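Residue-level structure breakdown
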Amino acid sequence: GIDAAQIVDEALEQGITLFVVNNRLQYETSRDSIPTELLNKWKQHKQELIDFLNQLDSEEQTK
């Protein structure tokens, strides 16, 4: 399977901050030539990441 935490760790290493705004997966980074392989991964497990970022700050949106 895939670990939302694992995706956020690798993303941060490249300088990419993951988070959810209004139940929407969004990221903020300053640079160019982003890792497409990682980009698609975000959308691939969007729902998986959202639940992670949501329960990471809210820890009350369990499913």
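Before any of the text, the structure's been laid out above.
As a starting point, this report considers the structure included with it. (Residues numbered from 1 in each chain as written, not as in the entry; some residues may be left out. Heavy atoms only, no water.)

**Focus: the packing of aromatic side chains**
Where we set the bar: Note on ring pairs: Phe, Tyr and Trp rings are taken, using the six-membered ring of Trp, and paired if centres are within 6.5 Å. Classes follow the plane angle, with under 30 degrees stacked, over 60 edge-to-face and the rest tilted. Where helices and strands are cited, they refer to DSSP runs of H or I of at least four residues and of E of at least two residues respectively, numbered from the N terminus. Between buried and exposed lies partly exposed: a residue is buried under 20% and exposed over 50% of the maximum accessible area for its type, with that area taken using a 1.4 Å probe on protein chains only.
Inspection of every chain in the model, using the stated rule, returns one aromatic pair. Relative to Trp42, the ring of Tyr27 lies with its centre 4.7 Å away and its plane at 45 degrees, an arrangement referred to as tilted. In this pair, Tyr27 is assigned in strand 2 (residues 25-29) and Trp42 in helix 2 (residues 36-44), connecting sequence segments 15 residues apart. The buried category is assigned to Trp42, whose relative accessible area is 4%.

**Considering the pairing of strand 2**
The side chains of a regular strand alternate, residue by residue, between the two faces of the sheet. Definition in use: Here, strands pair whenever DSSP counts at least two bridges between them.
The pairing of strand 1 (residues 16-20) with strand 2 spans five bridges and is classified as antiparallel. By the bridge assignment, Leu18 is partnered in strand 2 with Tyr27.

No statement about biological role is implied by the geometric values presented.
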